[PDB]
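Coordinates as given in upload.txt (compact mmCIF, C-alpha atoms):
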# COMPACT_ATOMS: atom_id res chain seq x y z
CA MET A 163 -15.72 23.21 -70.42
CA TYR A 164 -18.20 20.52 -69.34
CA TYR A 165 -18.25 17.81 -72.01
CA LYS A 166 -18.54 14.02 -72.05
CA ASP A 167 -16.16 12.22 -74.41
CA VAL A 168 -18.71 9.74 -75.73
CA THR A 169 -16.64 7.09 -77.52
CA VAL A 170 -17.90 3.79 -78.93
CA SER A 171 -15.73 1.04 -80.41
CA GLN A 172 -16.63 -1.99 -82.52
CA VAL A 173 -14.21 -4.87 -81.89
CA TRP A 174 -13.71 -8.13 -83.76
CA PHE A 175 -13.07 -11.03 -81.38
CA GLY A 176 -11.35 -13.44 -83.74
CA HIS A 177 -11.09 -17.20 -83.57
CA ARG A 178 -8.01 -16.69 -81.37
CA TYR A 179 -7.43 -13.02 -80.46
CA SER A 180 -9.13 -9.62 -80.59
CA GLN A 181 -8.99 -6.77 -83.12
CA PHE A 182 -10.59 -3.33 -83.48
CA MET A 183 -12.97 -2.30 -86.28
CA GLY A 184 -13.55 1.39 -85.55
CA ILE A 185 -13.61 3.86 -82.66
CA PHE A 186 -16.18 6.65 -82.94
CA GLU A 187 -14.74 9.34 -80.69
CA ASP A 188 -17.15 12.19 -79.98
CA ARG A 189 -17.49 15.17 -77.65
CA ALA A 190 -20.91 15.68 -76.14
CA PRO A 191 -22.40 18.63 -74.22
CA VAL A 192 -24.26 18.38 -70.92
CA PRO A 193 -27.56 20.00 -69.86
CA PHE A 194 -27.60 23.28 -67.98
CA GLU A 195 -29.53 21.54 -65.21
CA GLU A 196 -26.89 18.81 -65.06
CA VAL A 197 -24.11 21.39 -64.71
CA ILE A 198 -25.99 23.37 -62.06
CA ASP A 199 -27.14 20.43 -59.93
CA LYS A 200 -24.69 17.55 -60.26
CA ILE A 201 -21.47 19.22 -61.44
CA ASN A 202 -21.22 22.42 -59.39
CA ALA A 203 -23.18 21.48 -56.27
CA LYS A 204 -22.67 17.75 -55.69
CA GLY A 205 -19.39 17.51 -57.60
CA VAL A 206 -20.58 14.44 -59.53
CA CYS A 207 -21.65 13.68 -63.10
CA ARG A 208 -24.10 11.28 -64.69
CA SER A 209 -23.13 8.17 -66.64
CA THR A 210 -25.38 9.29 -69.52
CA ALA A 211 -24.99 12.08 -72.07
CA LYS A 212 -28.15 13.43 -73.70
CA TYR A 213 -27.13 15.47 -76.73
CA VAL A 214 -28.03 16.16 -80.35
CA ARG A 215 -25.67 14.85 -83.03
CA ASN A 216 -26.51 14.74 -86.73
CA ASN A 217 -29.92 16.38 -86.15
CA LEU A 218 -30.88 13.49 -83.87
CA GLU A 219 -31.14 13.08 -80.11
CA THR A 220 -28.90 10.41 -78.59
CA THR A 221 -27.76 9.14 -75.20
CA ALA A 222 -24.75 7.01 -74.33
CA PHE A 223 -24.43 5.11 -71.05
CA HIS A 224 -20.94 4.72 -69.61
CA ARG A 225 -19.89 1.06 -69.78
CA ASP A 226 -23.36 0.53 -71.33
CA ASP A 227 -24.80 -0.01 -67.84
CA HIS A 228 -27.76 1.63 -66.15
CA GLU A 229 -27.67 5.31 -65.22
CA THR A 230 -25.35 6.21 -62.34
CA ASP A 231 -23.50 9.26 -61.01
CA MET A 232 -19.74 8.79 -60.89
CA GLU A 233 -17.75 10.91 -58.45
CA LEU A 234 -15.83 13.47 -60.49
CA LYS A 235 -12.11 13.20 -59.74
CA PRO A 236 -9.02 15.18 -60.77
CA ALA A 237 -6.98 14.08 -63.76
CA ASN A 238 -3.45 12.78 -63.28
CA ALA A 239 -0.96 15.63 -63.50
CA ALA A 240 1.29 15.69 -66.57
CA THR A 241 3.88 18.24 -67.63
CA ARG A 242 2.58 21.82 -67.96
CA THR A 243 -1.02 20.80 -67.27
CA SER A 244 -3.68 22.97 -65.63
CA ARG A 245 -6.46 21.64 -63.38
CA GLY A 246 -8.54 19.16 -65.37
CA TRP A 247 -11.14 16.63 -64.29
CA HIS A 248 -12.68 13.40 -65.55
CA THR A 249 -15.05 10.85 -64.05
CA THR A 250 -13.48 7.77 -65.69
CA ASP A 251 -9.80 6.96 -66.22
CA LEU A 252 -10.04 3.74 -68.23
CA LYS A 253 -12.20 3.22 -71.32
CA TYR A 254 -14.80 0.46 -71.52
CA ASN A 255 -14.28 -2.21 -74.17
CA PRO A 256 -16.57 -5.14 -74.98
CA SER A 257 -16.00 -8.47 -73.26
CA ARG A 258 -14.34 -11.07 -75.46
CA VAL A 259 -16.80 -13.52 -77.04
CA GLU A 260 -15.75 -15.66 -79.98
CA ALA A 261 -16.57 -14.62 -83.57
CA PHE A 262 -18.91 -11.78 -82.55
CA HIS A 263 -18.73 -8.12 -83.58
CA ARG A 264 -19.32 -6.60 -80.14
CA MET B 163 8.96 7.27 -87.26
CA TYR B 164 8.01 3.59 -87.59
CA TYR B 165 4.22 3.27 -87.64
CA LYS B 166 1.66 1.12 -89.45
CA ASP B 167 -1.37 2.93 -90.90
CA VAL B 168 -3.96 0.41 -89.77
CA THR B 169 -7.04 1.28 -91.86
CA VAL B 170 -10.19 -0.85 -91.84
CA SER B 171 -13.23 -0.09 -93.98
CA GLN B 172 -16.78 -1.42 -93.97
CA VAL B 173 -18.24 -1.44 -97.49
CA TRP B 174 -21.83 -2.02 -98.54
CA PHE B 175 -22.14 -4.20 -101.64
CA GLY B 176 -25.48 -3.35 -103.20
CA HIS B 177 -27.23 -5.45 -105.81
CA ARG B 178 -25.97 -3.01 -108.45
CA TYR B 179 -23.00 -1.11 -107.01
CA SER B 180 -20.82 -0.74 -103.92
CA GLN B 181 -20.75 1.91 -101.20
CA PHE B 182 -18.66 2.82 -98.15
CA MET B 183 -19.93 2.85 -94.56
CA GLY B 184 -16.82 3.95 -92.69
CA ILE B 185 -13.02 3.96 -92.91
CA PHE B 186 -11.34 3.66 -89.50
CA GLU B 187 -7.94 5.20 -90.18
CA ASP B 188 -5.43 4.63 -87.40
CA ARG B 189 -1.69 4.88 -86.80
CA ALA B 190 -0.15 2.04 -84.83
CA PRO B 191 3.29 1.73 -83.21
CA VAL B 192 5.64 -1.21 -83.70
CA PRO B 193 7.62 -3.21 -81.12
CA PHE B 194 11.20 -2.32 -80.28
CA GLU B 195 12.21 -5.86 -81.23
CA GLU B 196 10.42 -5.51 -84.57
CA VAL B 197 12.24 -2.26 -85.34
CA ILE B 198 15.63 -3.64 -84.29
CA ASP B 199 15.40 -6.99 -86.07
CA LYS B 200 13.12 -6.78 -89.09
CA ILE B 201 13.21 -3.06 -89.93
CA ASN B 202 16.85 -2.07 -89.50
CA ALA B 203 18.61 -5.36 -90.27
CA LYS B 204 16.50 -7.20 -92.85
CA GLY B 205 14.87 -4.04 -94.22
CA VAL B 206 11.42 -5.64 -94.03
CA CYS B 207 8.32 -5.29 -91.86
CA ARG B 208 5.57 -7.57 -90.62
CA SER B 209 2.05 -7.57 -92.05
CA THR B 210 0.69 -7.24 -88.49
CA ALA B 211 0.68 -4.51 -85.85
CA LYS B 212 0.84 -5.54 -82.19
CA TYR B 213 -0.22 -2.36 -80.40
CA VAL B 214 -2.41 -1.28 -77.50
CA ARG B 215 -5.06 1.33 -78.30
CA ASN B 216 -8.16 2.31 -76.31
CA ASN B 217 -6.81 0.27 -73.37
CA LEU B 218 -6.93 -2.94 -75.40
CA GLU B 219 -4.41 -5.00 -77.36
CA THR B 220 -5.32 -5.17 -81.04
CA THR B 221 -3.68 -6.44 -84.23
CA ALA B 222 -4.54 -5.98 -87.88
CA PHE B 223 -3.35 -8.40 -90.56
CA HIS B 224 -2.63 -6.72 -93.88
CA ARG B 225 -5.20 -7.78 -96.49
CA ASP B 226 -6.72 -9.88 -93.65
CA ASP B 227 -4.32 -12.73 -94.51
CA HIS B 228 -1.82 -14.71 -92.48
CA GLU B 229 1.24 -12.96 -91.08
CA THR B 230 4.03 -12.27 -93.57
CA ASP B 231 7.18 -10.13 -93.65
CA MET B 232 6.46 -7.56 -96.36
CA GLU B 233 9.45 -6.04 -98.12
CA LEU B 234 9.77 -2.34 -97.34
CA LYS B 235 10.07 -0.18 -100.46
CA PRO B 236 10.58 3.57 -100.98
CA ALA B 237 7.59 5.83 -101.48
CA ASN B 238 6.99 7.47 -104.84
CA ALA B 239 8.68 10.86 -105.01
CA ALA B 240 6.35 13.87 -104.93
CA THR B 241 7.08 17.59 -104.87
CA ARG B 242 9.27 18.76 -101.96
CA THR B 243 9.16 15.30 -100.37
CA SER B 244 11.92 13.78 -98.23
CA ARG B 245 12.80 10.08 -98.12
CA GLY B 246 9.84 8.02 -96.94
CA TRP B 247 9.09 4.31 -97.01
CA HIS B 248 6.03 2.07 -97.01
CA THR B 249 5.50 -1.65 -97.50
CA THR B 250 2.16 -1.40 -99.33
CA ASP B 251 1.10 1.11 -102.00
CA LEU B 252 -2.54 0.11 -102.52
CA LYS B 253 -5.11 -0.32 -99.74
CA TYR B 254 -7.01 -3.58 -99.34
CA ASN B 255 -10.79 -3.51 -99.74
CA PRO B 256 -13.21 -6.43 -99.37
CA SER B 257 -14.17 -8.46 -102.41
CA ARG B 258 -17.65 -7.70 -103.72
CA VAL B 259 -20.36 -10.11 -102.56
CA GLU B 260 -24.02 -9.23 -103.00
CA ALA B 261 -26.04 -7.79 -100.10
CA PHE B 262 -23.33 -8.14 -97.46
CA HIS B 263 -21.56 -5.71 -95.13
CA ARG B 264 -17.98 -6.87 -95.66
CA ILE C 675 29.50 76.61 -76.31
CA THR C 676 28.18 73.73 -74.19
CA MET C 677 28.91 70.07 -74.86
CA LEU C 678 26.09 67.82 -76.02
CA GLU C 679 25.06 65.73 -73.03
CA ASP C 680 25.39 61.96 -73.06
CA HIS C 681 22.18 60.08 -73.84
CA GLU C 682 21.19 56.48 -73.16
CA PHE C 683 18.80 54.81 -75.62
CA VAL C 684 16.96 52.15 -73.61
CA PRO C 685 15.46 49.25 -75.60
CA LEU C 686 11.97 50.17 -76.75
CA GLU C 687 9.28 48.36 -78.72
CA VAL C 688 5.50 48.62 -78.49
CA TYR C 689 5.09 44.97 -79.54
CA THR C 690 7.65 42.45 -78.34
CA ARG C 691 7.86 39.13 -80.16
CA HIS C 692 6.09 37.36 -77.28
CA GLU C 693 2.98 39.54 -77.43
CA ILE C 694 3.11 39.57 -81.24
CA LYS C 695 2.94 35.76 -81.11
CA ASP C 696 0.19 35.96 -78.48
CA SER C 697 -1.81 38.37 -80.66
CA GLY C 698 -3.19 35.47 -82.68
CA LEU C 699 -6.34 33.84 -81.33
CA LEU C 700 -5.09 30.25 -81.63
CA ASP C 701 -1.51 28.98 -81.58
CA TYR C 702 -1.07 25.68 -83.39
CA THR C 703 1.72 24.53 -81.08
CA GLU C 704 -0.25 25.12 -77.87
CA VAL C 705 -3.50 23.78 -79.34
CA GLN C 706 -1.85 20.58 -80.58
CA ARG C 707 0.02 20.17 -77.29
CA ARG C 708 -3.21 20.38 -75.30
CA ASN C 709 -5.17 18.17 -77.70
CA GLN C 710 -2.52 15.43 -77.81
CA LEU C 711 -1.91 15.54 -74.06
CA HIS C 712 -5.69 15.26 -73.61
CA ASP C 713 -5.55 11.48 -74.05
CA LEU C 714 -2.68 11.09 -71.58
CA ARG C 715 -4.25 13.39 -68.99
CA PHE C 716 -7.85 12.13 -69.19
CA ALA C 717 -7.19 8.45 -69.94
CA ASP C 718 -4.75 5.66 -69.15
CA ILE C 719 -2.50 4.98 -72.15
CA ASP C 720 -0.67 2.09 -70.47
CA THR C 721 -3.20 -0.06 -68.61
CA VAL C 722 -4.21 -3.12 -70.64
CA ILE C 723 -7.44 -5.02 -69.91
CA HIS C 724 -7.66 -8.62 -71.13
CA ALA C 725 -10.64 -10.89 -70.51
CA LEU D 521 32.98 72.59 -80.88
CA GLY D 522 35.38 72.24 -77.96
CA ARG D 523 38.20 72.93 -80.40
CA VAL D 524 36.24 75.98 -81.60
CA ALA D 525 35.77 77.18 -78.02
CA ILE D 526 39.46 76.65 -77.21
CA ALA D 527 40.46 78.52 -80.37
CA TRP D 528 38.05 81.33 -79.47
CA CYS D 529 39.47 81.68 -75.96
CA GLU D 530 42.97 81.67 -77.47
CA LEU D 531 41.84 84.26 -80.02
CA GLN D 532 40.60 86.59 -77.29
CA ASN D 533 43.68 86.09 -75.11
CA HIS D 534 45.84 86.61 -78.21
CA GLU D 535 44.06 89.71 -79.54
CA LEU D 536 44.22 91.27 -76.08
CA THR D 537 47.60 92.69 -77.14
CA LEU D 538 46.10 94.22 -80.28
CA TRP D 539 43.39 95.64 -78.03
CA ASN D 540 45.97 97.17 -75.68
CA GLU D 541 47.66 98.78 -78.68
CA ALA D 542 44.31 100.04 -79.96
CA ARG D 543 43.54 101.49 -76.53
CA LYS D 544 46.86 103.32 -76.69
CA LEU D 545 45.93 104.56 -80.18
CA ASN D 546 42.24 105.58 -80.10
CA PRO D 547 41.13 105.48 -76.45
CA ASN D 548 37.74 107.12 -77.03
CA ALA D 549 36.53 104.59 -79.60
CA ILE D 550 38.15 101.61 -77.86
CA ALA D 551 36.65 102.46 -74.47
CA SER D 552 33.24 103.17 -76.01
CA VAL D 553 33.18 99.80 -77.77
CA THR D 554 34.45 97.89 -74.74
CA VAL D 555 31.95 99.50 -72.35
CA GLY D 556 28.99 99.32 -74.74
CA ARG D 557 28.01 103.00 -74.59
CA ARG D 558 29.49 105.98 -76.43
CA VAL D 559 31.95 107.38 -73.88
CA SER D 560 35.08 109.54 -73.94
CA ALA D 561 38.36 108.19 -72.57
CA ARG D 562 41.61 109.82 -71.48
CA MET D 563 45.27 108.88 -70.99
CA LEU D 564 45.01 105.41 -69.45
CA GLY D 565 48.58 105.03 -68.23
CA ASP D 566 47.77 101.44 -67.33
CA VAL D 567 43.96 101.54 -66.95
CA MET D 568 41.45 103.48 -69.04
CA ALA D 569 39.81 106.50 -67.41
CA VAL D 570 36.41 107.13 -68.99
CA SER D 571 33.59 109.67 -68.81
CA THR D 572 30.05 109.43 -70.17
Re-express the file's structure as structure tokens.
Amino acid sequence: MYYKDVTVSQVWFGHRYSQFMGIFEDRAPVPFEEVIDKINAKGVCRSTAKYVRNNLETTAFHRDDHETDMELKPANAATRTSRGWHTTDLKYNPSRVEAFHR
Amino acid sequence: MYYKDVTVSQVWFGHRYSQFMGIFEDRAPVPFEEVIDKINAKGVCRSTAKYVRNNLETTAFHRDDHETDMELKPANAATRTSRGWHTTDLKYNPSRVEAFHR
Amino acid sequence: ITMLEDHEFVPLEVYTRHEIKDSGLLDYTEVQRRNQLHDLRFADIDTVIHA
Amino acid sequence: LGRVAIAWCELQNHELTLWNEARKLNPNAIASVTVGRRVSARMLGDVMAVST
């Protein structure tokens, strides 16, 4: 399975300390050309995910930066886990700025 | 299980009538110290939830008010239901103000 | 007159409980285990970023 | 069935005396039946002498 867990979160940065306001977790497919070229051959994956949700075409950029190809790396081994893989281990969250819904 | 059902909702308030735009339902853990002191001994619980989700520390204040120690009360008995407990029975929603995303 | 010979009845069953359980396409226990360990395996559930 | 077989062996070994007496009585018939073919027997003495 070659999918990109596109997740976006809206966060309230309060007058003193932060707070979530929703995390849209989504699973997104990847193009055949992406799988053939970057995944299988070069062992990397793009920072963007071009896919069709809700009868609309959308792309999400990892960390909301410009397009880049992260080096695909194995996932940390837990109990009774097969061989998985993921480009990113952490999850990007907006930088804290006062009284803004980021 | 000691968890706080942190639910936040964005509601459109039209000129004539209201409308939802998302309900971020979430289950949040509670600190060991909170369970030991306020839950087991005093039988109460805080109106806040200090927990780390999506690699970020977030809190939600019940009814978006200042922190208070809500009195835990038993849940209404339904069919084939064991003993549960919950501090709040209703769910807070923003007060209606015209043409605002509250 | 000849005595009836001793016979041993070995355990026999076309469908053991393991393969009967595996007959179903999806097992809720395995599916939930994989889906809930997904977050732990493919993300860090302990690292906290503050800025 | 083992009890039946034991009782049958005992029955044969026990009717052997009746069969000796019957040989002394009617040697022709007894010898014919024992052999399986109609034969004529004579004074056995201690063993039947037969003739087809």
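Between CA of residue 223 (chain B) and CA of residue 261 (chain B) the separation is 24.6 Å.
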- Message: Residues of chain B within 10 Å of chain A, counting all atoms listed in the file, what are they? List them as a list in words.
- Response: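 Written out as asked, the residues are residues 168, 169, 170, 171, 172, 184, 185, 186, 187, 188, 212, 215, 216, 217, 218, 219, 220, 221, 222 and 223 of chain B.
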- Message: as JSON, numbers by chain, please: the residues near residue 554 (chain D) (cut-off 12 Å, only C-alpha atoms, same-chain neighbours under 6 positions excluded).
- Response: {"D": [536, 539, 540, 542, 543, 547, 548, 560, 561, 568, 570]}
- State, in Å with one decimal place, the distance from CA of residue 722 (chain C) to CA of residue 250 (chain A). 15.1 Å
- Task: Would you kindly report the residues of chain C within 9 Å of chain D, using only C-alpha atoms, as a list in words?
- Result: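 Filtering chain C at 9 Å from chain D with only C-alpha atoms gives residues 675, 676 and 677 of chain C.
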- Message: Taking all atoms listed in the file into account and nothing else, which residues of chain A lie no more than 9 Å away from chain C? Please answer as a VMD selection string.
- Response: chain A and resid 237 to 240 243 246 to 253 255 257 to 258
- Task: Kindly extract all protein, DNA and RNA residues lying within 6 Å of the coordinates (-25.0, -7.5, -103.0) given in the file, considering all atoms listed in the file, and supply them as a PyMOL selection string.
- Result: chain B and resi 175-177+259-262
- Query: What is the distance between CA of residue 704 (chain C) and CA of residue 191 (chain A), in Å to one decimal?
  - Reply: 23.4 Å
Written coordinates, N, CA and C atoms of region 524-563 of chain D as a PDB file, in the first residue's frame:
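Saved as selection_9.pdb:
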ATOM      1  N   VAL D 524     -17.638 -68.052  23.683  1.00  0.00           N
ATOM      2  CA  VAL D 524     -18.308 -68.960  22.757  1.00  0.00           C
ATOM      3  C   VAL D 524     -17.311 -69.939  22.152  1.00  0.00           C
ATOM      4  N   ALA D 525     -16.140 -69.445  21.744  1.00  0.00           N
ATOM      5  CA  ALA D 525     -15.124 -70.317  21.162  1.00  0.00           C
ATOM      6  C   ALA D 525     -14.603 -71.324  22.181  1.00  0.00           C
ATOM      7  N   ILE D 526     -14.378 -70.883  23.420  1.00  0.00           N
ATOM      8  CA  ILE D 526     -13.925 -71.792  24.468  1.00  0.00           C
ATOM      9  C   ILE D 526     -14.980 -72.854  24.736  1.00  0.00           C
ATOM     10  N   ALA D 527     -16.246 -72.441  24.819  1.00  0.00           N
ATOM     11  CA  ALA D 527     -17.326 -73.392  25.034  1.00  0.00           C
ATOM     12  C   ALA D 527     -17.466 -74.349  23.861  1.00  0.00           C
ATOM     13  N   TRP D 528     -17.201 -73.884  22.641  1.00  0.00           N
ATOM     14  CA  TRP D 528     -17.271 -74.767  21.481  1.00  0.00           C
ATOM     15  C   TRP D 528     -16.149 -75.795  21.502  1.00  0.00           C
ATOM     16  N   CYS D 529     -14.928 -75.363  21.821  1.00  0.00           N
ATOM     17  CA  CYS D 529     -13.821 -76.307  21.937  1.00  0.00           C
ATOM     18  C   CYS D 529     -14.089 -77.321  23.039  1.00  0.00           C
ATOM     19  N   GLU D 530     -14.620 -76.857  24.173  1.00  0.00           N
ATOM     20  CA  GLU D 530     -14.998 -77.771  25.243  1.00  0.00           C
ATOM     21  C   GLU D 530     -16.097 -78.718  24.787  1.00  0.00           C
ATOM     22  N   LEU D 531     -17.048 -78.218  23.999  1.00  0.00           N
ATOM     23  CA  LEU D 531     -18.142 -79.054  23.523  1.00  0.00           C
ATOM     24  C   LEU D 531     -17.631 -80.159  22.613  1.00  0.00           C
ATOM     25  N   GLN D 532     -16.686 -79.840  21.731  1.00  0.00           N
ATOM     26  CA  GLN D 532     -16.101 -80.873  20.879  1.00  0.00           C
ATOM     27  C   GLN D 532     -15.306 -81.879  21.705  1.00  0.00           C
ATOM     28  N   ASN D 533     -14.421 -81.388  22.578  1.00  0.00           N
ATOM     29  CA  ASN D 533     -13.620 -82.279  23.409  1.00  0.00           C
ATOM     30  C   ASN D 533     -14.477 -83.109  24.353  1.00  0.00           C
ATOM     31  N   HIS D 534     -15.692 -82.654  24.642  1.00  0.00           N
ATOM     32  CA  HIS D 534     -16.579 -83.304  25.591  1.00  0.00           C
ATOM     33  C   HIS D 534     -17.530 -84.273  24.906  1.00  0.00           C
ATOM     34  N   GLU D 535     -17.922 -83.981  23.665  1.00  0.00           N
ATOM     35  CA  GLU D 535     -18.701 -84.895  22.845  1.00  0.00           C
ATOM     36  C   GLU D 535     -17.840 -85.920  22.130  1.00  0.00           C
ATOM     37  N   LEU D 536     -16.513 -85.805  22.220  1.00  0.00           N
ATOM     38  CA  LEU D 536     -15.659 -86.843  21.653  1.00  0.00           C
ATOM     39  C   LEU D 536     -15.968 -88.213  22.250  1.00  0.00           C
ATOM     40  N   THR D 537     -16.373 -88.267  23.522  1.00  0.00           N
ATOM     41  CA  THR D 537     -16.730 -89.551  24.122  1.00  0.00           C
ATOM     42  C   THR D 537     -18.025 -90.099  23.532  1.00  0.00           C
ATOM     43  N   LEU D 538     -19.030 -89.235  23.360  1.00  0.00           N
ATOM     44  CA  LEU D 538     -20.244 -89.648  22.664  1.00  0.00           C
ATOM     45  C   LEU D 538     -19.918 -90.141  21.265  1.00  0.00           C
ATOM     46  N   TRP D 539     -18.947 -89.504  20.612  1.00  0.00           N
ATOM     47  CA  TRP D 539     -18.584 -89.900  19.257  1.00  0.00           C
ATOM     48  C   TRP D 539     -17.863 -91.240  19.242  1.00  0.00           C
ATOM     49  N   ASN D 540     -17.038 -91.507  20.255  1.00  0.00           N
ATOM     50  CA  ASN D 540     -16.431 -92.830  20.375  1.00  0.00           C
ATOM     51  C   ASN D 540     -17.497 -93.902  20.573  1.00  0.00           C
ATOM     52  N   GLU D 541     -18.480 -93.626  21.434  1.00  0.00           N
ATOM     53  CA  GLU D 541     -19.570 -94.578  21.635  1.00  0.00           C
ATOM     54  C   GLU D 541     -20.362 -94.789  20.349  1.00  0.00           C
ATOM     55  N   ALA D 542     -20.623 -93.710  19.611  1.00  0.00           N
ATOM     56  CA  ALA D 542     -21.362 -93.827  18.360  1.00  0.00           C
ATOM     57  C   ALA D 542     -20.560 -94.586  17.310  1.00  0.00           C
ATOM     58  N   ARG D 543     -19.237 -94.421  17.305  1.00  0.00           N
ATOM     59  CA  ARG D 543     -18.401 -95.221  16.419  1.00  0.00           C
ATOM     60  C   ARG D 543     -18.509 -96.696  16.770  1.00  0.00           C
ATOM     61  N   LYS D 544     -18.500 -97.011  18.067  1.00  0.00           N
ATOM     62  CA  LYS D 544     -18.692 -98.394  18.484  1.00  0.00           C
ATOM     63  C   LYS D 544     -20.068 -98.916  18.079  1.00  0.00           C
ATOM     64  N   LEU D 545     -21.069 -98.036  18.025  1.00  0.00           N
ATOM     65  CA  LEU D 545     -22.433 -98.467  17.723  1.00  0.00           C
ATOM     66  C   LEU D 545     -22.664 -98.650  16.224  1.00  0.00           C
ATOM     67  N   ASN D 546     -22.526 -97.575  15.451  1.00  0.00           N
ATOM     68  CA  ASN D 546     -22.876 -97.551  14.030  1.00  0.00           C
ATOM     69  C   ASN D 546     -21.672 -97.077  13.225  1.00  0.00           C
ATOM     70  N   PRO D 547     -20.652 -97.933  13.093  1.00  0.00           N
ATOM     71  CA  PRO D 547     -19.395 -97.487  12.471  1.00  0.00           C
ATOM     72  C   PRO D 547     -19.557 -96.981  11.051  1.00  0.00           C
ATOM     73  N   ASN D 548     -20.433 -97.592  10.249  1.00  0.00           N
ATOM     74  CA  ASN D 548     -20.590 -97.154   8.865  1.00  0.00           C
ATOM     75  C   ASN D 548     -21.022 -95.696   8.798  1.00  0.00           C
ATOM     76  N   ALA D 549     -22.122 -95.363   9.474  1.00  0.00           N
ATOM     77  CA  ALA D 549     -22.627 -93.996   9.440  1.00  0.00           C
ATOM     78  C   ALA D 549     -21.641 -93.029  10.078  1.00  0.00           C
ATOM     79  N   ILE D 550     -21.048 -93.416  11.211  1.00  0.00           N
ATOM     80  CA  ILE D 550     -20.159 -92.493  11.913  1.00  0.00           C
ATOM     81  C   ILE D 550     -18.931 -92.187  11.065  1.00  0.00           C
ATOM     82  N   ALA D 551     -18.326 -93.221  10.475  1.00  0.00           N
ATOM     83  CA  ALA D 551     -17.162 -93.015   9.624  1.00  0.00           C
ATOM     84  C   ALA D 551     -17.521 -92.210   8.384  1.00  0.00           C
ATOM     85  N   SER D 552     -18.686 -92.477   7.785  1.00  0.00           N
ATOM     86  CA  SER D 552     -19.091 -91.721   6.604  1.00  0.00           C
ATOM     87  C   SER D 552     -19.232 -90.240   6.928  1.00  0.00           C
ATOM     88  N   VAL D 553     -19.877 -89.923   8.051  1.00  0.00           N
ATOM     89  CA  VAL D 553     -20.072 -88.523   8.414  1.00  0.00           C
ATOM     90  C   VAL D 553     -18.743 -87.862   8.757  1.00  0.00           C
ATOM     91  N   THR D 554     -17.876 -88.563   9.494  1.00  0.00           N
ATOM     92  CA  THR D 554     -16.595 -87.972   9.870  1.00  0.00           C
ATOM     93  C   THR D 554     -15.718 -87.716   8.650  1.00  0.00           C
ATOM     94  N   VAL D 555     -15.673 -88.665   7.713  1.00  0.00           N
ATOM     95  CA  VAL D 555     -14.834 -88.501   6.530  1.00  0.00           C
ATOM     96  C   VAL D 555     -15.402 -87.428   5.612  1.00  0.00           C
ATOM     97  N   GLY D 556     -16.714 -87.446   5.387  1.00  0.00           N
ATOM     98  CA  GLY D 556     -17.356 -86.536   4.459  1.00  0.00           C
ATOM     99  C   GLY D 556     -17.882 -87.200   3.208  1.00  0.00           C
ATOM    100  N   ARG D 557     -17.589 -88.483   3.006  1.00  0.00           N
ATOM    101  CA  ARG D 557     -18.099 -89.246   1.881  1.00  0.00           C
ATOM    102  C   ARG D 557     -18.696 -90.547   2.395  1.00  0.00           C
ATOM    103  N   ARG D 558     -19.734 -91.020   1.709  1.00  0.00           N
ATOM    104  CA  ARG D 558     -20.424 -92.239   2.120  1.00  0.00           C
ATOM    105  C   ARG D 558     -19.476 -93.423   1.988  1.00  0.00           C
ATOM    106  N   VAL D 559     -19.003 -93.937   3.124  1.00  0.00           N
ATOM    107  CA  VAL D 559     -18.055 -95.040   3.158  1.00  0.00           C
ATOM    108  C   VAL D 559     -18.546 -96.083   4.152  1.00  0.00           C
ATOM    109  N   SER D 560     -18.003 -97.289   4.022  1.00  0.00           N
ATOM    110  CA  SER D 560     -18.331 -98.409   4.892  1.00  0.00           C
ATOM    111  C   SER D 560     -17.158 -98.669   5.827  1.00  0.00           C
ATOM    112  N   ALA D 561     -17.453 -98.843   7.111  1.00  0.00           N
ATOM    113  CA  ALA D 561     -16.440 -99.065   8.130  1.00  0.00           C
ATOM    114  C   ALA D 561     -16.573-100.463   8.722  1.00  0.00           C
ATOM    115  N   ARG D 562     -15.509-100.899   9.392  1.00  0.00           N
ATOM    116  CA  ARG D 562     -15.478-102.223  10.001  1.00  0.00           C
ATOM    117  C   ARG D 562     -15.129-102.118  11.479  1.00  0.00           C
ATOM    118  N   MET D 563     -14.868-103.258  12.121  1.00  0.00           N
ATOM    119  CA  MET D 563     -14.502-103.272  13.532  1.00  0.00           C
ATOM    120  C   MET D 563     -13.242-102.449  13.763  1.00  0.00           C
TER     121      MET D 563
END
